[PDB]
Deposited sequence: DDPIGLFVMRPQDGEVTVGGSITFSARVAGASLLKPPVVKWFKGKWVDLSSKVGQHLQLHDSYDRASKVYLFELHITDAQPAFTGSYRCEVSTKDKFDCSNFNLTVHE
């Protein structure tokens, strides 16, 4: 099957009800002197780090035992406009990867 890129685990499609909360995440193996770096997007160009607040938070962590980096995107009090196409981009010193996923907000 397909070549192994940077994602140990890719972000998945998600569904949430209006007012609900949902987490998206990515895992990357550290094997690397510096942590991989993540960016989350809505559409081609909206950088969600610019959108952090009552409805959106980001959290990055590392598990020493497994040497895996975890990147989380938390959406809270979901609104209908949050529906759509999203993307996770990860960089290391040597590689770049990305992964597309969708959010659907119901009700």
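Asks: Go through the deposited sequence from residue 1 and tell me which stretches lack C-alpha coordinates, in order.
Replies: Just one stretch lacks coordinates - namely 32.
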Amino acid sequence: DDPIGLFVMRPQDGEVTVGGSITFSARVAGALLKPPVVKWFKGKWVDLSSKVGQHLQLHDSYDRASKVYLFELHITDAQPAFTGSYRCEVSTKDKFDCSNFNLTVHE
From here on, numbers count along this sequence of modelled residues.
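Asks: Comparing 97-105 with 1-9, where is the mean C-alpha B-factor higher?
Replies: Result: 1-9.
Asks: Among the choices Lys34, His59, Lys39, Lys42, identify the one whose CA B-factor in the record is greatest.
Replies: Top of the list by C-alpha B-factor: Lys34.
Asks: Can you pull the Cα B-factors for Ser91, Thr17, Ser85, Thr23 from the entry and say which is highest?
Replies: Highest CA B-factor of the listed options: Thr17.
Asks: When the deposited Cα B-factors of this chain's modelled residues are ordered and cut into thirds, is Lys51 in the lowest, the middle or the highest one?
Replies: Middle third, going by the recorded CA B-factors of the chain.
Asks: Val68: which third of its chain by C-alpha temperature factor?
Replies: For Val68, whose C-alpha B-factor we compare with every modelled residue in the chain, the answer is the middle third.
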